[PDB]
Structure formats: structure tokens, C-alpha cells
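Okay, so we've got a single protein chain in two different forms coming up as C-alpha cells, structure 1 first and structure 2 after it.
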Structure 1
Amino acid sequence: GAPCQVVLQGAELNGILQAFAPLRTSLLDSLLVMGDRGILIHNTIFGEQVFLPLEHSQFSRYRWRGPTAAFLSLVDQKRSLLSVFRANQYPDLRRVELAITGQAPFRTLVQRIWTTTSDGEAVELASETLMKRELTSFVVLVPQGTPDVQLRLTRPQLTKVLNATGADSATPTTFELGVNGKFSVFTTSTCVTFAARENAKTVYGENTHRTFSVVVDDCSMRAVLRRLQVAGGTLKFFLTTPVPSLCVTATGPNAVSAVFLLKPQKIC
């Protein structure tokens, strides 16, 4: 078909709608950096950078020809190219195709919708198809490399560690990992701790020997990661940079991640 082509028929689409299920409106005023290896959905909430990768294998058909393209999600500044994948926006939806057609400085992407009928066919809701134009100038700053040490968590675990963290700039927090399983997310007047294995405070992870004590000055982590309603996931630390960053990737239906910048005051 048309040159770059991303199709989600049913039964792999159900996974992608499930990924967008919790997120609510969060990733609607977003940026969609499509290309090889898939689509990256980037947004800024509260001053932090949140990402949602969507691999090329993770579509019923993903096909790309040309340089990567980047779309604002708000088509005509209200609607959204991801609003299709919402929780209950279109009840009877089955399928979406994203067809891109143009030349490298100017591509446009069109999104058609397909709802189930009886007797195995689909009505195209041509009242609500979307058309976007490739940005025609953009640059994003995506995370890179791999973390220093990453630990997997759960809903109750992650809920309580987010409870431990601060309120405003007065009280900076710190994810130190001590020797032989002293994972700790404290602040002055609240502190929580886990065991790191390679019951109920025994988190699993890898490269657990890599102790530190990271420090954050900006306490928007709680708001940020609560909006996305993360169900517990990876907590990845990145420190071989002048500015350490911590990434958080829910293990629920989605892989929605959020990088938070830990100020340069890195010590063990």
C-alpha cells in the first residue's frame, strides 16, 4: 500500500488498547516520533519527560520507508491521534491503520477507524478519521544507554515508595542502595526499605552491587507517576552522566516510562 504503513487489526490491537487503558488523557498533547523500530510517544508532564515505546513488531503490520517522522498528536489542536486507543472513546472499535504518504520534509499521516459489525465486516467512521502533517522541523532528546542498576517493583511497593517521597523543594529525597540488600527510599520524616535479590520487601533486580545515593531536588515525581497510574515496574538509575536520571517503566499492559532528573549531587 502507501509507503509507510502501520496496521493494527484485532487481536494485537487489543494489546495496544490495553497499554493505553490506564493512562487516561495523559499522552494526548504528546509527540509521536515514528520510524524504524516503532513509534515513540513522548510527552512532558509537570516538567518531566515521559515516553511510551511501541515496537515495529508490536503492530499487526509495521512498515517504514524514509527518515523518521514526528507528529504532534493534537490534530487541529483538540483531537488526538492516540484518542482512538483510549479506554472507552469508541466502544465498538476493532482496528486502526496509520498510512503515511509524502516526501521526506513533508509527509502527512492519516488515521482511519474500523468498528466491528455483525457478519465479519467493518464500517469506516469517516466522520472521525484524522490527518496530521509531519512536523517539518523537530528534535527530541530521548534517553540513552542502559542504567547503572535496575530494580523491579510492584503496586504496593511502588505506591509506598512514592508515599515516602517529598512534597516541595524543602526536603530532597534519596534512593540509596546499601551493601547486601539495603535498598532504601527515604527522606527526613519518612523512610522505606527493601531487600534486593538477584516476601513483602524483597524486590528483584540485577547488578545489585552498584551502590549509590542519588538525590532529587524536584518533588514532581509523585504527581507525575500517579497520573500515569503505574502498576509497579522497573526503577532504573542512570549516573554515568553529569546529571543522573532515574527512569520508571510500568510492567502493566504498557511500557510507559518516565525519566526524572536527579541533581548532580551524586555520592554513595
Structure 2
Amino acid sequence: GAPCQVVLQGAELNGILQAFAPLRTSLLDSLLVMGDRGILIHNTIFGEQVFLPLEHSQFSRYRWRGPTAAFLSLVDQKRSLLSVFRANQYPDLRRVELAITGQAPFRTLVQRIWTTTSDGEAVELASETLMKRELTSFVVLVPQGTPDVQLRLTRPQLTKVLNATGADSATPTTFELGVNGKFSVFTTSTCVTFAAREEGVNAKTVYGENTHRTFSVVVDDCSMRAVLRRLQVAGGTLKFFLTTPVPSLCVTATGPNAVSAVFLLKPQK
């Protein structure tokens, strides 16, 4: 086949069908930048950016020998190399496999499926294998490294954070940390707080890293409530990047794999 092979056997394909399961048709109109150290599936929802890195360890067998190839997810803009990955699209999936043959400017992907039917025999549908060429020139942009502040959150907490602040445009949505280990996210009307603690090496204690740093940051467009509630995010962790001249804050889905949205803020007043 290709030199560069991806395969998901049922164990790892259940572990990924669940990653796509917490629920979406978001990341179907996507972009996959595949290379060594895995597939990065990037999309923009409500303007803001969302990433879902799919590590090479997270597949059953992965090997990328060659430079990165970038595939638009929607093959002829209708199907999707991940439209198989939904919860209950074809509920007989046993294996899926990707081989991207050819050379560095013209690597072309083929995706193959395998269902099981009774007596456990495994049938490849020849009508639900997709094939997508690479992109000649993509330019994708990415976040960086160990964050400037970091804290853990849970589905009730995160619900509280989104509902608190996220009030629609004409409402400046302000995140803030206080001394004595305090977090607050407040807006023109609502103000919810949480104490963050150590041991991260009743609904308002989190256990984080970078637990010392304050900030009074503000987001300008109001998407956190709606990006995060579109991915049906069951909580997660928040990670603040403040070094760059505009901070960006990266909310992840702690539950096992991630669809992480990164958010660009109003210049701190």
C-alpha cells in the first residue's frame, strides 16, 4: 500500500469512536494535517478555533514516514474521512484503515472500512471507502507549549463557567484570578468563583498546575458558551497562554481524548 499506514482495530476504534461520540457533526467539515506524531484535525466553530489531536499511540498501528500531508476532511465536500467515526453511523464497525500512497507533493489518501455481520465475518463495503488527495499548499496555525496558567474543571463546574460568562455581544466577558488562590469569571451581571489548589502534579475546589498567577483577561466575541456547548463538552481543563501579546486560552475536554478550543481575547483593559 502506502509507506504510511494507519489502522484502528476494534479496541482502538472503540476508543476513537467514543472520542467522536461525546457528540458531533462538528469536525466533519474539517482539516486533517497528518504526519509523524499523528493526525491533527483542526476546524473553526463560531469563528474560534478547535483542535483534536489524534496521537499515533491512540491508533492501533500508526506509521508516518515522510513530511506532513494535509487533507480536507470532506471528500467531495459530502462524505468525510471521519463521518464513519460517529456514534451510530454504521454500528458494525470492526476496523478502519488509511493508506496515503505517492510522494511528498502528491500523497493521496485512501480510507477503508470493515463491518462485521452474523457469524462474525468481516465485510469491507467497497462503497464506504473514501479517497482524498493531499493539499498542495496548506498553511495551518497552532498553539504552543506549557501554558502560563492552568486549572482543572468538571462538567458541573464548566457548565457553571459557561452559563456565567458568555452573555451575548455588548457584554464583555471577563475572566480573572485573585490572590489567596481565587478564580472568578464574571460578566456585567453574573460572577462565579472557584478556589484552585495544589495536588495536581464542594463544586468550587479545583486542583491545578500554575496555581499562583493572576490575570484580568476579557474575551471580546461571545463564543465560549456556544463553541463549548456545541462540542457537547463534558467539562475539562482550562489552560491560559498569556506570554504572546494577545493571550489565548485553551479549554480542553479532560475526559479521555480531547477536542480543545482555543480562544483569543480582548486586550486586557
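Heads up, when I say rigid core I mean the largest set of C-alphas that superpose within 1.5 Å between the two forms. The first residue in the sequence of structure 1 is number 1, and each one after it adds one.
Engineer: Quick one: with the rigid core lined up, which of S189, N88, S118, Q103 moves its CA 2 Å or more between structures 1 and 2?
Structural biologist: Result of the comparison: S118.
Engineer: Taking 2 Å as the cut-off, check whether the CA of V179 shifts that much or more between structures 1 and 2 after a rigid core fit.
Structural biologist: The answer is no, as the C-alpha of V179 shifts between structures 1 and 2 by less than 2 Å after core alignment.
Engineer: My question is whether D168 is one of the residues whose C-alpha shifts by 2 Å or more between structures 1 and 2, given a fit on the rigid core.
Structural biologist: Moves: yes, 2 Å or greater.
Engineer: Report, in Å with one decimal, the C-alpha displacement of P147 between structures 1 and 2 after core superposition.
Structural biologist: A shift of 1.2 Å.
Engineer: What's the distance in angstrom the Cα of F59 travels between structures 1 and 2, core superposed?
Structural biologist: Spelling it out: core superposed, C-alpha of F59 shifted, distance 0.9 Å.
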